[PDB]
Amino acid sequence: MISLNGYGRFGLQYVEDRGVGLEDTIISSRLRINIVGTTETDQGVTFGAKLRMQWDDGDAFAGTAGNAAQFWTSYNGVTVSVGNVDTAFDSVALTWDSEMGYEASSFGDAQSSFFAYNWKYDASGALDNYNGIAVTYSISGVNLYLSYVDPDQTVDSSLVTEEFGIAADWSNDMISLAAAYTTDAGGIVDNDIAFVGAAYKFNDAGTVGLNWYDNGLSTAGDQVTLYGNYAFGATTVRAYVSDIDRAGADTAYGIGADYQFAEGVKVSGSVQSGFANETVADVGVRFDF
């Protein structure tokens, strides 16, 4: 069986004083198509393959291509994936929950470098022999994630730096906890990064969370992000404040809202301020198909 799903989004993206002779406000848009082939067996083992075709405004050549494939095998809650895999530090819960606006962004997201599923081709040739192995396991609200990424599997392994990550999250109705650790993140020797997060559902309607990061070799240093969101009918309000250790950095903050227009259609906007005082704002719509 082959299925196709995806989403389109479009809207206004504003970057205060973007650059000499550049428009500060542009129309930023994305089309994402996922192609998923699955083979289900009577033994209870599923086999799957996936490809993505994603286009963003500004993409080179004004064209769209597929990325590199991802393969998986699932049995009894355990999934093993190979090729262009989802990594542990990118897949744990909570770590991206401060994101807001129609482009789902936040200065409160981790400021480190690490491997993650590659959405598109890479014209530099850097990903041509990149291959990962991932293993996930979900047991009674607890998820274990493990990933191993080799940037160039064809070359002798003592000559390449491979990335190893581990993560877990846990949740009941009110509290969630998550943690992740990745060594030699992004293929960079000694770039060991870590994440510890927690969130509290303080109402059926609202949540408050705190994420902490060790950003490894990044200049940001350790980081803390406090965020919250509250739902009023179809409207959700979101906010966050984030601080990094880099000397002289400002406190980053953001405020936004989402409006659930219909099933599959979400209108969102945000106003945010970064660590170097950048001022960014967005307003747009996402529709899932």
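In this text, residue numbers run from 1 along the sequence as written.
Engineer: Which is higher on mean Cα B factor in this entry, 183-191 or 203-211?
Structural biologist: For C-alpha atoms only, the mean B-factor is higher in 203-211.
Engineer: Going by the B-factors listed in the PDB entry, is the mean over the C-alpha atoms higher for 167-175 or for 145-153?
Structural biologist: Between 145-153 and 167-175, it is 167-175 that shows the higher mean C-alpha B-factor.
Engineer: If I read the C-alpha B-factors straight from the PDB entry, which of 12, 267, 15, 271 is highest?
Structural biologist: Max CA B-factor in the entry, restricted to 12, 267, 15, 271: 15.
Engineer: What's the residue among 198, 116, 100, 92 with the greatest CA temperature factor in the PDB record?
Structural biologist: Comparing C-alpha B-factors across 198, 116, 100, 92, the maximum falls on 198.
Engineer: Residue 80: which third of its chain by C-alpha temperature factor?
Structural biologist: Middle third, going by the recorded CA B-factors of the chain.
Engineer: In terms of the CA temperature factor given in the entry, to which third of its chain does residue 44 belong: lowest, middle or highest?
Structural biologist: Answer is highest: the recorded C-alpha B-factor places it there.
Engineer: How does the C-alpha B factor of residue 112 compare with the rest of the chain: lowest, middle or highest third?
Structural biologist: Residue 112: CA B-factor falls in the middle third of its chain.
Engineer: Could you tell me which third, lowest, middle or highest, the C-alpha B-factor of residue 57 occupies within its chain?
Structural biologist: For residue 57, the deposited C-alpha B-factor lands in the lowest third.
Engineer: In terms of the chain's CA B-factor thirds, is residue 139 lowest, middle or highest?
Structural biologist: It falls in the top third of the chain.
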